[PDB]
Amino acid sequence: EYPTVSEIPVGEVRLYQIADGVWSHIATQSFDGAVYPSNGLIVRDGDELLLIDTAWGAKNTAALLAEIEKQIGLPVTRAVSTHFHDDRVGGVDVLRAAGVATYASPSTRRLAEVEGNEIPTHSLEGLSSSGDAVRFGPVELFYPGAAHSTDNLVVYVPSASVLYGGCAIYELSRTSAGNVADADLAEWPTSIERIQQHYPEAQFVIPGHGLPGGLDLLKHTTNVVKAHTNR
């Protein structure tokens, strides 16, 4: 039932209800010949919505907001980007223009600026050291340490036991390392271990790209990362 890349044309966005008050949003983007899916999160925040990550581009994120308005009808008041790549900050300018307060760690904002990517307006304090966690409305933000990128954050929804791993966590079907140009391969396994130690009760695990699953996705990602390390 989870939407796949074959069922979403580039420019469209699907919402998928994980639990009460928690959705993922799925978009697709063309890159280097192929088409890839990408996940973000939507968490109900009383009568407001917290958005986790853009839909990978200005056009996709405009469609994301229209699809949220259509299906959910509650306002997106804040957005958190979980690292500096375009599938997380691409569309921040659209969000800002729509009145959404955009957020990221100073680490993410710095690396976005260096890359020439869009830059969330607000800075999330208290996430500079591995193992740091802060509350942000209905979720907890956690910095496990460098992994897919030096700045990657994970998000936990305690009310629903939903762990959003972002692109530090791979889906089961992916057996080869993907975009690791900005990764810390040496620290990635240790960072995953911090996630496991902090959220052992998670019942749903959302990867940055592809099908959700359970906590198995963490060990799977470690396996793939170590295999690539010994390439």
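Counting begins at 1, following the sequence as shown. Think of the rigid core as the biggest set of C-alphas that the two forms share within 1.5 Å after superposition.
Each structure in 9 other deposited structures of this protein is fitted to the shown form on the rigid core, and of 62-70 and 29-37 the C-alphas lie farther away on average for 29-37. Just going by the entry, 33-41 versus 187-195 on mean CA temperature factor gives the higher value to 33-41. If you average the C-alpha B-factors over 214-222 and over 12-20, the higher value belongs to 12-20.
Taking only the listed residues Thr108, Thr102, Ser159, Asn117, the entry reports the highest CA temperature factor at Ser159. When the C-alpha B-factors of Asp182, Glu201, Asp53, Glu171 are read from the PDB record, the largest value belongs to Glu201. Per the deposited record, the Cα B-factor of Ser149 falls in the middle third when ranked against the other modelled residues of its chain. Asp86: CA B factor in the lowest third of modelled residues in this chain (values from the PDB entry). Among the modelled residues of its chain, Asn230 has a C-alpha B-factor that falls in the middle third according to the deposited record. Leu141: CA B factor lies in the middle third for its chain, per the PDB record. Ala177: CA B factor in the highest third of modelled residues in this chain (values from the PDB entry).
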